[PDB]
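*Asks:* File follows, model03.txt with compact mmCIF, C-alpha atoms and all ligand atoms:
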# COMPACT_ATOMS: atom_id res chain seq x y z
CA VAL A 12 -44.32 -16.05 -28.62
CA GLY A 13 -41.08 -14.28 -27.69
CA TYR A 14 -40.59 -10.63 -26.71
CA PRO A 15 -37.57 -9.43 -28.79
CA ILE A 16 -37.21 -5.87 -27.46
CA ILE A 17 -38.66 -6.24 -23.97
CA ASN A 18 -36.69 -9.38 -23.27
CA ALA A 19 -33.69 -8.01 -25.15
CA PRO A 20 -30.49 -9.60 -23.76
CA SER A 21 -27.71 -7.38 -22.42
CA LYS A 22 -25.14 -5.65 -24.70
CA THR A 23 -22.52 -7.92 -23.12
CA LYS A 24 -23.82 -10.82 -25.20
CA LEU A 25 -24.30 -8.73 -28.34
CA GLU A 26 -22.12 -7.76 -31.29
CA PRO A 27 -22.72 -5.33 -34.20
CA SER A 28 -25.03 -6.65 -36.93
CA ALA A 29 -24.63 -6.25 -40.65
CA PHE A 30 -27.17 -3.43 -40.25
CA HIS A 31 -25.14 -1.53 -37.66
CA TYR A 32 -24.55 1.57 -39.77
CA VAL A 33 -27.72 1.29 -41.82
CA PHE A 34 -29.75 2.52 -38.82
CA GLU A 35 -28.86 4.92 -35.98
CA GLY A 36 -28.98 4.54 -32.19
CA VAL A 37 -29.09 7.84 -30.27
CA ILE A 67 -41.87 1.05 5.31
CA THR A 68 -40.19 -1.69 7.34
CA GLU A 69 -43.02 -4.10 8.05
CA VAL A 70 -46.39 -4.86 6.47
CA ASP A 71 -48.79 -2.10 7.49
CA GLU A 72 -52.57 -1.78 7.60
CA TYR A 73 -52.70 -0.68 3.95
CA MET A 74 -50.64 -3.55 2.56
CA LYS A 75 -52.62 -6.03 4.67
CA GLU A 76 -55.82 -4.83 3.07
CA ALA A 77 -54.16 -4.86 -0.33
CA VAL A 78 -53.23 -8.50 0.28
CA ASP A 79 -56.78 -9.18 1.28
CA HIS A 80 -58.28 -7.74 -1.91
CA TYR A 81 -55.71 -9.36 -4.21
CA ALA A 82 -55.73 -12.79 -2.57
CA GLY A 83 -59.50 -12.73 -2.89
CA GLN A 84 -59.32 -12.22 -6.65
CA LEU A 85 -56.82 -15.01 -7.15
CA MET A 86 -59.16 -17.41 -5.38
CA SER A 87 -61.80 -16.86 -8.07
CA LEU A 88 -59.32 -18.69 -10.34
CA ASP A 89 -59.06 -21.88 -8.27
CA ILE A 90 -55.38 -22.29 -8.98
CA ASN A 91 -54.08 -25.81 -8.44
CA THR A 92 -52.23 -25.98 -5.10
CA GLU A 93 -50.37 -29.04 -6.43
CA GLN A 94 -46.62 -29.47 -6.88
CA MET A 95 -45.21 -30.26 -10.36
CA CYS A 96 -44.70 -33.33 -12.55
CA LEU A 97 -41.46 -32.72 -14.48
CA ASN A 182 -29.73 -24.98 -13.75
CA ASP A 183 -30.57 -26.20 -10.22
CA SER A 184 -33.11 -23.64 -8.90
CA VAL A 185 -35.84 -25.51 -10.77
CA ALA A 186 -37.11 -26.79 -7.45
CA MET A 187 -39.16 -23.62 -7.45
CA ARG A 188 -40.70 -24.72 -10.74
CA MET A 189 -41.67 -27.78 -8.65
CA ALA A 190 -43.24 -25.58 -5.99
CA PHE A 191 -44.96 -22.87 -8.04
CA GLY A 192 -45.17 -24.55 -11.43
CA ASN A 193 -48.96 -24.65 -11.37
CA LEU A 194 -49.14 -21.07 -10.17
CA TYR A 195 -47.08 -19.93 -13.15
CA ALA A 196 -49.24 -22.03 -15.44
CA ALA A 197 -52.35 -20.30 -14.10
CA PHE A 198 -51.12 -16.75 -14.70
CA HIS A 199 -49.91 -17.85 -18.11
CA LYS A 200 -53.33 -19.26 -19.02
CA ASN A 201 -55.17 -16.27 -17.56
CA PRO A 202 -53.46 -13.01 -18.37
CA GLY A 203 -55.74 -10.11 -17.53
CA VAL A 204 -57.35 -8.09 -14.74
CA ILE A 205 -58.12 -11.06 -12.50
CA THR A 206 -54.45 -12.12 -12.38
CA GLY A 207 -53.40 -8.50 -12.95
CA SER A 208 -50.70 -9.90 -15.21
CA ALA A 209 -49.79 -9.85 -18.93
CA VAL A 210 -46.98 -12.35 -18.47
CA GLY A 211 -47.41 -14.81 -21.31
CA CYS A 212 -49.81 -12.88 -23.51
CA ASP A 213 -49.84 -12.63 -27.28
CA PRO A 214 -49.81 -8.87 -27.89
CA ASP A 215 -51.25 -9.53 -31.37
CA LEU A 216 -54.51 -10.82 -29.84
CA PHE A 217 -54.48 -9.62 -26.28
CA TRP A 218 -54.33 -5.96 -27.33
CA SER A 219 -57.90 -6.08 -28.57
CA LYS A 220 -59.08 -7.14 -25.12
CA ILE A 221 -57.24 -4.74 -22.80
CA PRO A 222 -59.56 -1.74 -23.55
CA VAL A 223 -62.64 -3.84 -22.82
CA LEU A 224 -61.17 -4.88 -19.46
CA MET A 225 -60.27 -1.38 -18.38
CA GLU A 226 -62.28 1.23 -16.54
CA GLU A 227 -62.89 4.59 -18.18
CA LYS A 228 -59.99 6.53 -16.59
CA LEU A 229 -56.49 5.22 -17.22
CA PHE A 230 -53.46 5.98 -15.07
CA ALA A 231 -49.84 4.89 -15.38
CA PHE A 232 -46.34 5.69 -14.18
CA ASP A 233 -42.84 4.17 -14.16
CA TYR A 234 -40.54 2.90 -11.44
CA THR A 235 -36.85 3.74 -11.05
CA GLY A 236 -34.87 0.78 -9.82
CA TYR A 237 -37.98 -1.26 -9.19
CA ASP A 238 -36.37 -4.51 -8.00
CA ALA A 239 -33.75 -2.62 -6.05
CA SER A 240 -36.26 -0.33 -4.32
CA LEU A 241 -38.52 -3.16 -3.12
CA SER A 242 -38.42 -3.23 0.66
CA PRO A 243 -38.59 -6.59 2.52
CA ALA A 244 -42.18 -5.87 3.59
CA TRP A 245 -43.39 -6.18 0.00
CA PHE A 246 -42.09 -9.73 0.00
CA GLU A 247 -43.76 -10.58 3.31
CA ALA A 248 -46.96 -9.28 1.79
CA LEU A 249 -46.27 -11.50 -1.23
CA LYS A 250 -46.08 -14.48 1.11
CA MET A 251 -49.36 -13.66 2.79
CA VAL A 252 -51.00 -13.68 -0.62
CA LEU A 253 -49.49 -17.10 -1.22
CA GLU A 254 -50.71 -18.35 2.16
CA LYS A 255 -54.32 -17.38 1.45
CA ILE A 256 -54.39 -19.10 -1.95
CA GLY A 257 -52.85 -22.36 -0.80
CA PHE A 258 -49.05 -22.25 -1.26
CA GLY A 259 -48.31 -21.27 2.35
CA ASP A 260 -46.04 -24.26 3.06
CA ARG A 261 -43.55 -23.35 0.38
CA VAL A 262 -43.49 -19.73 1.44
CA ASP A 263 -39.81 -19.84 2.37
CA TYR A 264 -39.01 -20.22 -1.35
CA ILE A 265 -39.55 -16.46 -1.62
CA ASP A 266 -36.57 -15.53 0.55
CA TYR A 267 -34.60 -16.49 -2.54
CA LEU A 268 -35.47 -13.06 -3.92
CA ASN A 269 -36.10 -10.81 -0.87
CA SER A 291 -38.76 -18.58 -14.72
CA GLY A 292 -41.22 -16.85 -12.36
CA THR A 293 -39.64 -13.42 -11.67
CA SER A 294 -42.07 -11.77 -14.08
CA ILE A 295 -44.89 -13.48 -12.16
CA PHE A 296 -43.90 -12.60 -8.61
CA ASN A 297 -42.81 -9.05 -9.49
CA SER A 298 -46.12 -8.52 -11.27
CA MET A 299 -47.92 -9.75 -8.15
CA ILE A 300 -45.91 -7.33 -6.02
CA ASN A 301 -46.98 -4.57 -8.37
CA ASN A 302 -50.60 -5.48 -7.75
CA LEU A 303 -49.96 -5.13 -4.01
CA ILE A 304 -48.25 -1.74 -4.52
CA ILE A 305 -50.93 -0.09 -6.59
CA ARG A 306 -53.65 -1.20 -4.15
CA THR A 307 -51.61 -0.05 -1.15
CA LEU A 308 -50.81 3.36 -2.65
CA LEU A 309 -54.44 3.91 -3.67
CA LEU A 310 -55.57 3.05 -0.16
CA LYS A 311 -53.09 5.38 1.50
CA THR A 312 -53.72 8.23 -0.94
CA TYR A 313 -57.54 8.15 -0.99
CA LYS A 314 -59.24 6.81 2.16
CA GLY A 315 -62.05 4.30 1.78
CA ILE A 316 -61.60 3.85 -1.98
CA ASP A 317 -63.24 0.71 -3.37
CA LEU A 318 -60.62 -1.50 -4.96
CA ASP A 319 -63.28 -3.58 -6.65
CA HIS A 320 -63.24 -0.90 -9.35
CA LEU A 321 -59.47 -1.08 -9.92
CA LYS A 322 -58.67 -2.74 -13.25
CA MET A 323 -54.92 -3.03 -13.82
CA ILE A 324 -52.46 -5.30 -15.64
CA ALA A 325 -48.74 -5.71 -14.92
CA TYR A 326 -45.70 -7.39 -16.46
CA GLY A 327 -42.96 -6.99 -13.94
CA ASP A 328 -42.72 -3.31 -13.16
CA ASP A 329 -44.52 -2.05 -16.24
CA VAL A 330 -48.16 -1.35 -15.46
CA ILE A 331 -51.32 -0.10 -17.11
CA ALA A 332 -54.17 0.74 -14.69
CA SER A 333 -57.63 2.25 -14.43
CA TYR A 334 -60.50 3.30 -12.23
CA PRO A 335 -63.96 4.79 -12.87
CA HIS A 336 -62.62 8.10 -11.48
CA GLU A 337 -59.49 10.09 -12.23
CA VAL A 338 -56.65 8.85 -10.05
CA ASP A 339 -53.73 11.23 -9.86
CA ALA A 340 -50.44 9.39 -10.34
CA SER A 341 -48.51 12.40 -9.08
CA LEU A 342 -50.18 11.85 -5.70
CA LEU A 343 -49.57 8.13 -5.69
CA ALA A 344 -45.90 8.92 -6.19
CA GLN A 345 -45.84 11.01 -3.03
CA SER A 346 -47.21 7.99 -1.16
CA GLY A 347 -44.67 5.71 -2.78
CA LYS A 348 -41.92 7.71 -1.10
CA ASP A 349 -43.13 6.44 2.27
CA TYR A 350 -42.39 2.86 1.08
CA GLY A 351 -39.03 3.69 -0.45
CA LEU A 352 -40.33 3.70 -4.02
CA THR A 353 -39.35 6.13 -6.74
CA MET A 354 -42.18 6.66 -9.22
CA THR A 355 -41.88 8.90 -12.23
CA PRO A 356 -44.05 9.94 -15.15
CA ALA A 357 -44.58 7.07 -17.61
CA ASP A 358 -42.52 6.68 -20.80
CA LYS A 359 -39.90 9.35 -20.09
CA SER A 360 -42.05 12.41 -19.48
CA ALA A 361 -41.05 15.56 -17.63
CA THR A 362 -44.52 15.86 -16.15
CA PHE A 363 -47.26 13.49 -14.99
CA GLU A 364 -49.75 14.15 -17.76
CA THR A 365 -53.10 12.50 -18.43
CA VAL A 366 -52.72 8.98 -19.82
CA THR A 367 -54.93 8.04 -22.78
CA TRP A 368 -55.38 5.29 -25.35
CA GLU A 369 -53.84 7.75 -27.76
CA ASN A 370 -50.61 8.07 -25.72
CA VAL A 371 -50.43 5.10 -23.34
CA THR A 372 -47.88 2.30 -23.91
CA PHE A 373 -47.76 -1.19 -22.47
CA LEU A 374 -44.74 -3.44 -23.02
CA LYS A 375 -43.44 -0.43 -25.00
CA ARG A 376 -46.29 -0.80 -27.47
CA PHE A 377 -49.01 1.74 -28.29
CA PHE A 378 -52.68 0.98 -28.96
CA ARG A 379 -53.91 1.79 -32.45
CA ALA A 380 -57.18 0.62 -33.94
CA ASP A 381 -57.18 -0.79 -37.43
CA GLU A 382 -58.71 1.44 -40.11
CA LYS A 383 -60.92 -1.25 -41.63
CA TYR A 384 -61.84 -3.03 -38.39
CA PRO A 385 -61.61 -0.45 -35.54
CA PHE A 386 -62.58 -3.05 -33.00
CA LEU A 387 -59.24 -4.72 -33.65
CA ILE A 388 -56.31 -3.19 -31.82
CA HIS A 389 -52.82 -3.18 -33.30
CA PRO A 390 -50.06 -3.43 -30.67
CA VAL A 391 -47.75 -0.74 -32.13
CA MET A 392 -44.04 -0.93 -31.22
CA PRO A 393 -42.13 2.22 -32.28
CA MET A 394 -39.78 1.80 -35.27
CA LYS A 395 -37.22 3.65 -33.18
CA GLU A 396 -37.08 0.67 -30.79
CA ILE A 397 -36.86 -1.76 -33.72
CA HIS A 398 -34.14 0.16 -35.61
CA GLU A 399 -31.95 -0.04 -32.52
CA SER A 400 -32.45 -3.79 -32.02
CA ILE A 401 -31.68 -4.72 -35.62
CA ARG A 402 -28.22 -3.11 -35.23
CA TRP A 403 -27.14 -5.92 -32.91
CA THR A 404 -27.05 -9.68 -32.65
CA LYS A 405 -25.70 -12.60 -30.65
CA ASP A 406 -24.25 -14.37 -33.63
CA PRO A 407 -24.55 -13.80 -37.36
CA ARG A 408 -26.34 -17.12 -37.45
CA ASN A 409 -29.40 -15.74 -35.70
CA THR A 410 -29.78 -12.63 -37.78
CA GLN A 411 -32.44 -14.49 -39.80
CA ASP A 412 -34.53 -15.35 -36.73
CA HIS A 413 -33.93 -12.04 -34.99
CA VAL A 414 -34.98 -10.05 -38.08
CA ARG A 415 -38.04 -12.28 -38.39
CA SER A 416 -39.01 -11.34 -34.83
CA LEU A 417 -38.61 -7.66 -35.62
CA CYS A 418 -40.80 -7.94 -38.73
CA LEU A 419 -43.52 -9.49 -36.61
CA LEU A 420 -43.53 -6.37 -34.46
CA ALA A 421 -42.68 -3.98 -37.28
CA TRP A 422 -45.58 -4.60 -39.65
CA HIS A 423 -48.19 -3.19 -37.24
CA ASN A 424 -46.87 0.31 -37.99
CA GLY A 425 -48.52 0.17 -41.38
CA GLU A 426 -47.50 -0.86 -44.89
CA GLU A 427 -45.66 2.27 -46.03
CA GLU A 428 -43.57 1.97 -42.85
CA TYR A 429 -42.96 -1.78 -43.12
CA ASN A 430 -41.84 -1.56 -46.75
CA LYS A 431 -39.38 1.27 -46.06
CA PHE A 432 -38.13 -0.89 -43.21
CA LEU A 433 -37.48 -3.86 -45.53
CA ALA A 434 -36.10 -1.56 -48.21
CA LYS A 435 -33.30 -0.65 -45.80
CA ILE A 436 -32.65 -4.20 -44.64
CA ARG A 437 -32.15 -5.01 -48.34
CA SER A 438 -29.65 -2.16 -48.86
CA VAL A 439 -26.89 -4.47 -47.67
CA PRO A 440 -25.96 -7.93 -49.03
CA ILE A 441 -26.97 -10.07 -46.03
CA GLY A 442 -30.31 -8.26 -45.83
CA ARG A 443 -31.10 -9.21 -49.43
CA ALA A 444 -30.49 -12.86 -48.58
CA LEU A 445 -32.97 -12.87 -45.68
CA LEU A 446 -36.49 -14.27 -45.76
CA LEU A 447 -38.72 -11.30 -44.99
CA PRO A 448 -42.54 -11.79 -44.93
CA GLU A 449 -44.45 -9.39 -47.14
CA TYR A 450 -46.96 -7.10 -45.37
CA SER A 451 -50.27 -8.34 -46.79
CA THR A 452 -49.71 -11.95 -45.73
CA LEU A 453 -48.97 -10.80 -42.18
CA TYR A 454 -52.01 -8.54 -42.14
CA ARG A 455 -54.43 -11.06 -43.62
CA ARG A 456 -53.15 -13.79 -41.33
CA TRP A 457 -53.73 -11.51 -38.35
CA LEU A 458 -57.37 -10.89 -39.29
CA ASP A 459 -57.97 -14.65 -39.63
CA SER A 460 -56.41 -15.12 -36.20
CA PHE A 461 -59.48 -13.58 -34.58
CA CA B 1 -64.03 -20.92 -7.07
CA CA B 2 -44.19 1.64 -17.55
Translate this file's structure into structure tokens.
Ligand SMILES: [Ca+2]
Ligand SMILES: [Ca+2]
*Replies:*
Amino acid sequence: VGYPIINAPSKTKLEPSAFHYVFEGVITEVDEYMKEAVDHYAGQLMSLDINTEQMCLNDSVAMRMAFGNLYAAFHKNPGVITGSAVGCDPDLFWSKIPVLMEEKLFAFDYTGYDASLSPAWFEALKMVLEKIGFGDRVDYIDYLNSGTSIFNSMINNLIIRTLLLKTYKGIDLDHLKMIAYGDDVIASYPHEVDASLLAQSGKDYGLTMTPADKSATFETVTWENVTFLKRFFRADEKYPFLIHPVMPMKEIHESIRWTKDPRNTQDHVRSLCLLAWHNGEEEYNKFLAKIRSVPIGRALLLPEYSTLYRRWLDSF
């Protein structure tokens, strides 16, 4: 599985596609709170019994030698134990997320995540690695102070715990159920957590937190308005217990207007149809109708809705 929009390359490596005009495009050291956050998180990772062993086979691939098994673990176990979605199949994993979350959801975005991360956060990251067995290859982290999504997601787990602890004294982290993919995060708790208050705490650690998904105000987050990896959560009409990961056409329309080479348009458009069909038939067909309003589009293999839908059902 590849993430077309989320892992979209930079515009530097892109050129206009044949569909360019067919669519439009308009806090210094580790403190008492982090320490406890480490404690709680490291504990959870232990329940996984990740293999402390090195790996059995672009130079910086020595780190794939050091943390190869760690990465493999998160990849094999995306969820609330890892607190990571890195490596999930949105088509299947979306039906599980709701079942793994506590009743009250809370989310928010970061501004300049990677840039705003103080050195302390990395020290904390090391401590987590010490407690789960990789403490001898801890120096490999200074190379940031393949696995960026992993480590950044782990730092996000430390942040949320820390902020919760500093905002509400004595809170029990055992009831925190979150999932991260880099700096994007979906989270929950049995009681309403106010993200606007977490943000105030984030300031103390040099973090800039803002309402999620471009919002002027921190509003209540719900399954009807929450997004994860830019996708919404929409239950199927025939099987409500099956959740469609719904990427907005708006995001798709923009992506189809570019490409790396005209020789990948076929693959790239395939990717986009795999995301696109979840919006519903009427939507998908209009989408293909447009693609086919230009010569190259009419020469592309585009999967018809029903086959995609039926295949999806059978995938469960
Ligand atoms: Ca065990
Ligand atoms: Ca986000």
*Asks:* Let me make sure I understand: among A:448, A:222, A:83, A:192, which one has the smallest atom-to-atom distance to residue 205 in chain A if we use all atoms listed in the file?
*Replies:*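 With all atoms listed in the file as the atom set, the closest residue is A:83.
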*Asks:* Nearest to ligand CA 2 (chain B): which of A:442, A:351, A:356, A:292 is it, counting all atoms listed in the file?
*Replies:*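 The shortest atom-to-atom distance to ligand CA 2 (chain B) comes from A:356.
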*Asks:* Could you please determine the separation between CA of residue 89 in chain A and CA of residue 318 in chain A in Å, to one decimal place?
*Replies:*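 One can read the CA of residue 89 in chain A to CA of residue 318 in chain A distance as 20.7 Å.
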*Asks:* Under the rule that all atoms listed in the file are counted, which of A:256, A:388, A:394, A:364 is the nearest residue to ligand CA 1 (chain B)?
*Replies:*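 So, comparing all the options, the nearest one is A:256.
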*Asks:* Find the residue from A:73, A:373, A:246, A:218 that sits nearest to ligand CA 2 (chain B); use only C-alpha atoms and all ligand atoms when measuring.
*Replies:* A:373
*Asks:* Around ligand CA 1 (chain B), which protein and nucleic acid residues have at least one atom no more than 7 Å from it, if we count all atoms listed in the file? List them as a list in words.
*Replies:*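 Using all atoms listed in the file, I find these residues within 7 Å of ligand CA 1 (chain B): residues 86, 87, 88 and 89 of chain A.
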*Asks:* Residues of chain A that have any atom at most 10 Å from an atom of ligand CA 2 (chain B): could you tabulate them with the shortest-distance atom pair and the distance in Å to one decimal, using all atoms listed in the file, ordered by chain and increasing number, as JSON lines?
*Replies:*
{"residue": "A:231", "atom": "CA", "partner": "B:CA2", "partner_atom": "CA", "distance": 6.9}
{"residue": "A:232", "atom": "CA", "partner": "B:CA2", "partner_atom": "CA", "distance": 5.7}
{"residue": "A:233", "atom": "CA", "partner": "B:CA2", "partner_atom": "CA", "distance": 4.4}
{"residue": "A:234", "atom": "CA", "partner": "B:CA2", "partner_atom": "CA", "distance": 7.2}
{"residue": "A:325", "atom": "CA", "partner": "B:CA2", "partner_atom": "CA", "distance": 9.0}
{"residue": "A:326", "atom": "CA", "partner": "B:CA2", "partner_atom": "CA", "distance": 9.2}
{"residue": "A:327", "atom": "CA", "partner": "B:CA2", "partner_atom": "CA", "distance": 9.4}
{"residue": "A:328", "atom": "CA", "partner": "B:CA2", "partner_atom": "CA", "distance": 6.8}
{"residue": "A:329", "atom": "CA", "partner": "B:CA2", "partner_atom": "CA", "distance": 3.9}
{"residue": "A:330", "atom": "CA", "partner": "B:CA2", "partner_atom": "CA", "distance": 5.4}
{"residue": "A:331", "atom": "CA", "partner": "B:CA2", "partner_atom": "CA", "distance": 7.4}
{"residue": "A:354", "atom": "CA", "partner": "B:CA2", "partner_atom": "CA", "distance": 9.9}
{"residue": "A:355", "atom": "CA", "partner": "B:CA2", "partner_atom": "CA", "distance": 9.3}
{"residue": "A:356", "atom": "CA", "partner": "B:CA2", "partner_atom": "CA", "distance": 8.6}
{"residue": "A:357", "atom": "CA", "partner": "B:CA2", "partner_atom": "CA", "distance": 5.4}
{"residue": "A:358", "atom": "CA", "partner": "B:CA2", "partner_atom": "CA", "distance": 6.2}
{"residue": "A:359", "atom": "CA", "partner": "B:CA2", "partner_atom": "CA", "distance": 9.2}
{"residue": "A:371", "atom": "CA", "partner": "B:CA2", "partner_atom": "CA", "distance": 9.2}
{"residue": "A:372", "atom": "CA", "partner": "B:CA2", "partner_atom": "CA", "distance": 7.4}
{"residue": "A:373", "atom": "CA", "partner": "B:CA2", "partner_atom": "CA", "distance": 6.7}
{"residue": "A:374", "atom": "CA", "partner": "B:CA2", "partner_atom": "CA", "distance": 7.5}
{"residue": "A:375", "atom": "CA", "partner": "B:CA2", "partner_atom": "CA", "distance": 7.8}
*Asks:* My list of candidates is A:195, A:368, A:450, A:258. Which is closest to residue 291 in chain A when distances are computed with only C-alpha atoms?
*Replies:*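 So, comparing all the options, the nearest one is A:195.
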*Asks:* Please determine, counting all atoms listed in the file, which residue among A:411, A:396, A:323, A:217 has the shortest atom-to-atom distance to residue 443 in chain A.
*Replies:*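 Closest candidate: A:411.
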*Asks:* What is the CA of residue 314 in chain A to CA of residue 77 in chain A distance in Å?
*Replies:*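 Here the two named atoms are 13.0 Å from each other.
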*Asks:* Excluding residue 252 in chain A and residues on its chain fewer than 2 positions from it, collect all residues at most 6 Å away from it, counting all atoms listed in the file, and give them as number ranges by chain.
*Replies:* A: 78, 82, 249-250, 254-255
*Asks:* Could you tell me how far CA of residue 211 in chain A sits from CA of residue 398 in chain A, in Å to one decimal place?
*Replies:*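 These two atoms are separated by 24.6 Å.
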*Asks:* Given 6 Å of margin on each side, can you work out the centre and size in Å (one decimal) of an axis-aligned box holding every listed atom of range 186-189 of chain A, as AutoDock Vina command-line options?
*Replies:*
--center_x -39.4 --center_y -25.7 --center_z -9.1 --size_x 16.6 --size_y 16.2 --size_z 15.3
*Asks:* I'd like the contact shell of residue 213 in chain A - 10 Å cut-off, all atoms listed in the file, skipping same-chain residues fewer than 5 positions apart - returned as a short mmCIF file (atom, residue, chain, number, x, y, z; two decimals) with C-alpha atoms, in the frame of the given file.
*Replies:*
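Done, and the output landed in around_32.cif:
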data_model
loop_
_atom_site.label_atom_id
_atom_site.label_comp_id
_atom_site.auth_asym_id
_atom_site.auth_seq_id
_atom_site.Cartn_x
_atom_site.Cartn_y
_atom_site.Cartn_z
CA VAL A 12 -44.32 -16.05 -28.62
CA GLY A 13 -41.08 -14.28 -27.69
CA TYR A 14 -40.59 -10.63 -26.71
CA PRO A 202 -53.46 -13.01 -18.37
CA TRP A 218 -54.33 -5.96 -27.33
CA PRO A 390 -50.06 -3.43 -30.67
#
*Asks:* Identify the residues around (-40.1, -16.3, 0.3) within a radius of 12 Å, measuring from all atoms listed in the file in the coordinates stated by the file, and give them as a ChimeraX atom specification.
*Replies:* /A:187,190-191,243-254,258-269,296
*Asks:* For the point (-49.5, -14.1, -17.4) in the file's frame, write as a PyMOL selection string all residues with an atom no more than 9 Å away, counting all atoms listed in the file.
*Replies:* chain A and resi 195-203+206-212+294-295+298+325-326
